[PDB]
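# Opening piece of a complex, kept in its complex position:
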Amino acid sequence: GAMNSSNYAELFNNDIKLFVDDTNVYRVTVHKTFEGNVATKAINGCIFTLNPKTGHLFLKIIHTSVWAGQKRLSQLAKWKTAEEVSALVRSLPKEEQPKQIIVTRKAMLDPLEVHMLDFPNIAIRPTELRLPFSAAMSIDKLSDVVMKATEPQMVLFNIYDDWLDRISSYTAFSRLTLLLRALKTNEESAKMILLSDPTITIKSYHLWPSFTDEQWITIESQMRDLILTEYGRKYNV
């Protein structure tokens, strides 16, 4: 069934599961033509496929060539997403395949379900949560690998860096969702918070700064302030 606030701890049990977000698969800039009409130019995108328990991120880069000569691209994007997720599952050993795939947008249910007909024991589920995974292209290293791609490419990351050595996956997911919510609500401010101090670095093999436990509390506190504010600046309160 649908994933919501009530069954949130299920994300961190020992049944393998993946979130799939398709927001950033088909991306365009809209511009004027010489004749004064409007046209779109596509840019590279990505499927965001995340194991919330382990932090393993399967980032399938979608190169603009996959749209050449195709119609109804927003619709095709959902089926392309489902085809790539299906290909990913088939590439994993049986004992690594997910038992559930949770899609962040309901329009992905039927495309994924049809592509996964071969896997009747994998549950395809929606969610009621408003998860901020679109903001993954606000993470600099992830954006950089997507824009530089010259061909289809899968890139593997751990979106939690080394956090699981010190915190649980519940706490790591909550940190991730807070960082991404902040980046989505006010990217510039959020990015100021994370690196305005020049002595805290991002390791070459990591995505986020090497904060101590105490600095993470400060950082997390600053992100919640941002989110509350912008919610005022937005609604005037």
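Here it is on my side, so go on. Residues are numbered from 1 along each chain as shown, chains lettered A, B, ... in the order given.

# What are the contacting residues of the helix ranked longest in chain A?
What stands out as the longest helix in chain A, according to DSSP state H, is helix A:213-235. Under the criterion Cβ atoms under 8 Å, 6 or more residues apart in numbering, residues A:166, A:175, A:178-179, A:181-182, A:185-186, A:189-190, A:193-194, A:200, A:211, A:237 lie in contact with helix A:213-235. Any C-beta I mention is one placed from the backbone N, CA and C, and that applies to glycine too.

# most distant residue from the middle of chain A?
What lies farthest from the middle of chain A is residue A:35; by Cα atoms, centre = their mean that is 37.4 Å.

# And the strands in chain A?
For chain A, the strands identified by DSSP state E occupy A:17-21, A:27-32, A:38-43, A:45-50, A:56-62, A:100-103, A:123-125, A:153-158, in order along the chain.

# Can I get the ones you listed in CSV including distance to residue A:90 and mean neighbour count?
Rendered in CSV, the data for the strands of chain A read as follows (distance: least, Cβ to Cβ, whole Å; neighbours: other Cβ atoms under 10 Å):
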stretch, distance to residue A:90, mean neighbour count
strand A:17-21, 14, 23
strand A:27-32, 26, 12
strand A:38-43, 27, 12
strand A:45-50, 14, 25
strand A:56-62, 13, 20
strand A:100-103, 13, 23
strand A:123-125, 15, 18
strand A:153-158, 13, 15
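
# Mind putting these into JSON lines with distance to residue A:138?
As requested, these are arranged in JSON lines below (distance: least, Cβ to Cβ, whole Å):
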{"stretch": "strand A:17-21", "distance to residue A:138": "13"}
{"stretch": "strand A:27-32", "distance to residue A:138": "13"}
{"stretch": "strand A:38-43", "distance to residue A:138": "15"}
{"stretch": "strand A:45-50", "distance to residue A:138": "12"}
{"stretch": "strand A:56-62", "distance to residue A:138": "14"}
{"stretch": "strand A:100-103", "distance to residue A:138": "21"}
{"stretch": "strand A:123-125", "distance to residue A:138": "26"}
{"stretch": "strand A:153-158", "distance to residue A:138": "15"}
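
# Out of those, which is closest to residue A:69?
Using Cβ to Cβ as the measure, strand A:38-43 is the one of these that comes nearest residue A:69, at 12.1 Å.

# Indicate each strand paired with that closest one and its parallel or antiparallel sense.
The strands that strand A:38-43 pairs with in its sheet are strand A:27-32 (antiparallel) (by DSSP bridges).

# Would you mind pulling the contact partners of the strand it pairs with?
Residues from elsewhere that reach strand A:27-32 (Cβ under 8 Å, 6+ apart): A:38, A:39, A:40, A:41, A:42, A:43, A:44, A:45.

# at 6 Å what do you get?
Residues external to strand A:27-32 that are found in contact with it (Cβ atoms under 6 Å, 6 or more residues apart in numbering): A:40, A:41, A:42, A:43, A:45.

# Quick check: the residue nearest the centre of chain A vs residue A:127, distance?
Centroid-nearest residue in chain A: residue A:133, 3.7 Å away (criterion: Cα atoms, centre = their mean). As for residue A:133, its distance to residue A:127 is 11 Å (criterion: Cβ to Cβ, to the nearest Å).

# Spatially nearest residue to residue A:78, not counting backbone neighbours?
residue A:111 (4.6 Å; Cβ to Cβ, 6 or more residues apart in numbering).

# For the one you found, list the residues it contacts.
For residue A:111, the contacting residues are A:78, A:79, A:82, by Cβ under 6 Å, 6+ apart.

# what's the first one in contact with, if anything?
Looking back up the chat, that one is residue A:78. Under the criterion of Cβ under 6 Å, 6+ apart, the contact list for residue A:78 reads A:107, A:108, A:111.

# 10 Å instead, please
The neighbours of residue A:78, taking Cβ atoms under 10 Å, 6 or more residues apart in numbering as the test, are A:22, A:25, A:26, A:103, A:105, A:107, A:108, A:109, A:110, A:111, A:112.

# one more chain, chain B:
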Amino acid sequence: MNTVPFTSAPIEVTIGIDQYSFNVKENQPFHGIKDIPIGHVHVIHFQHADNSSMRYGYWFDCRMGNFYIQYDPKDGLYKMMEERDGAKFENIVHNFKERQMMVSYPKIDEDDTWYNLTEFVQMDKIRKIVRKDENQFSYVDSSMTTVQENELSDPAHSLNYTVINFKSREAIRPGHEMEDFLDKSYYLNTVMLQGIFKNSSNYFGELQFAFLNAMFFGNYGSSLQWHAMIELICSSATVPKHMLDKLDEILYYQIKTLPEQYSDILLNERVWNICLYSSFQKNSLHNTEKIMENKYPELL
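Below, chain B sits with the chains from the block before:
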């Protein structure tokens, strides 16, 4: 013109014969129905006055035998039976006609309704959907479930309609996932028409039979089947032109005949709005769209 003799009418019952119906009182001197047109299947159906629960009835074709109705007080229903003794039957019928104990199948001469509702329905195909091979006629009632319903429980008492499922390996060619899901022509023309039904007449016959069981018995699984068979054609970009023209005629007469007060349960809003306004064939059902818009504009 043939006759179906009733042994008696011991319980008050509304009797249907095709799209006609009449009331019979407890122990009324009623001995059957005469002047039944040859050349068509027919259905004779029952709703007891005391228990509107369970509409039930029998599909039959008088060319296949001499059939009569006799009430069974143990099982509590009117049962169809075959009389194998031809001279016994003729003598039975002639006596009741002489005593004018029978109602007349009341067909208006201009009226093609029943032909138009049963054009492609054959008894031999009914008997494969309703399996009871010791009889030449077929029992159906409001509660019988379909094979597909059982998968989602008595196999002997099921409606064995052709299983249609748009998210199934039969419907979706590996590697044509998006193509086959958004344009069901493969599934309609290759899997179902060429593979399973053999021709469109058998397809239309099952569609018509499913509608009639939905209308006369309120059979929910039959209504599901009728809508699924409509949707499979409407959701196909490539349909033979003769099939579309015949479908429009079929549906038109079904909508024409439907009780105005049953449209709330017998018509699926989603299927009809999709078929008439969003599907590949949205512009191919002129007669059906005009009668639906003038008779059930609320649904849409």
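
# so, the contacts of residue A:111 revisited with chain B in the model?
Contacts for residue A:111 (Cβ atoms under 10 Å, 6 or more residues apart in numbering or on different chains) come out as A:22, A:75-83, A:85-86, A:103, A:124, B:177-178, B:181-182.

# Distance check, it against residue A:185.
Here the criterion is Cβ to Cβ. By it, residue A:111 lies 29 Å from residue A:185.

# what sits against the residue in chain A that chain B sits nearest to?
Taking Cβ to the nearest Cβ as the measure, the point where chain A comes nearest chain B is residue A:79, at 3.9 Å. Shown here is residue A:79, whose contacts under the criterion Cβ under 10 Å, 6+ apart are A:72, A:108, A:110, A:111, A:112, A:114, A:115, B:177, B:178, B:179, B:181, B:182.

# now the residues you listed as a markdown table including distance to residue B:78?
As requested, the contacts of residue A:79 are exported to a markdown table (distance: Cβ to Cβ, whole Å):
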| residue | distance to residue B:78 |
| --- | --- |
| A:72 | 57 |
| A:108 | 53 |
| A:110 | 46 |
| A:111 | 51 |
| A:112 | 52 |
| A:114 | 47 |
| A:115 | 52 |
| B:177 | 51 |
| B:178 | 52 |
| B:179 | 51 |
| B:181 | 46 |
| B:182 | 48 |
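
# what's near enough to touch whichever residue of the stretch 101-250 of chain B sits closest to chain A?
Among the residues of the stretch 101-250 of chain B, residue B:178 lies closest to chain A, at 3.9 Å counting by Cβ to the nearest Cβ. Neighbouring residues of residue B:178 by Cβ under 10 Å, 6+ apart: A:75, A:76, A:78, A:79, A:80, A:82, A:83, A:111, A:114, A:115, B:172.

# let's go with 7 Å and repeat that
For residue B:178, the contacting residues are residue A:79, taking Cβ atoms under 7 Å, 6 or more residues apart in numbering or on different chains as the criterion.

# which stretches of the stretch 101-250 of chain B form helices?
Assigned by DSSP state H, counting those that start in this stretch, the helices in the stretch 101-250 of chain B fall at B:113-118, B:123-129, B:147-151, B:177-182, B:185, B:200-217, B:220-234, B:241-257.

# Any chance of those in JSON lines with distance to residue B:193 as columns?
Output for the helices of the stretch 101-250 of chain B, formatted as JSON lines (distance: least, Cβ to Cβ, whole Å):
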{"stretch": "helix B:113-118", "distance to residue B:193": "21"}
{"stretch": "helix B:123-129", "distance to residue B:193": "15"}
{"stretch": "helix B:147-151", "distance to residue B:193": "19"}
{"stretch": "helix B:177-182", "distance to residue B:193": "15"}
{"stretch": "helix B:185", "distance to residue B:193": "10"}
{"stretch": "helix B:200-217", "distance to residue B:193": "6"}
{"stretch": "helix B:220-234", "distance to residue B:193": "10"}
{"stretch": "helix B:241-257", "distance to residue B:193": "9"}
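
# Specify the stretch among these that is closest to residue B:20.
Comparison of the helices of the stretch 101-250 of chain B against residue B:20 by Cβ to Cβ identifies helix B:113-118 as nearest, at 9.3 Å.

# roughly how far out does the closest one sit from the chain middle?
Relative to its chain's centre, helix B:113-118 lies at 11 Å (Cα atoms, centre = their mean, to the nearest Å).

# okay, it in CSV with CA atoms only?
Output in CSV follows, covering the C-alpha atoms of helix B:113-118 (Å, rounded to 0.1, in the frame of the first residue of the first chain):
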residue,chain,number,x,y,z
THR,B,113,-34.2,-5.2,-30.4
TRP,B,114,-33.6,-8.8,-29.5
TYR,B,115,-31.8,-9.7,-32.7
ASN,B,116,-29.7,-6.6,-32.2
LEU,B,117,-28.8,-7.6,-28.7
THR,B,118,-28.0,-11.3,-29.6
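
# if we look at it, which residues are touching it?
Contact partners of helix B:113-118, identified using Cβ under 7 Å, 6+ apart, comprise B:18, B:19, B:40, B:41, B:208, B:212, B:253, B:254, B:257.
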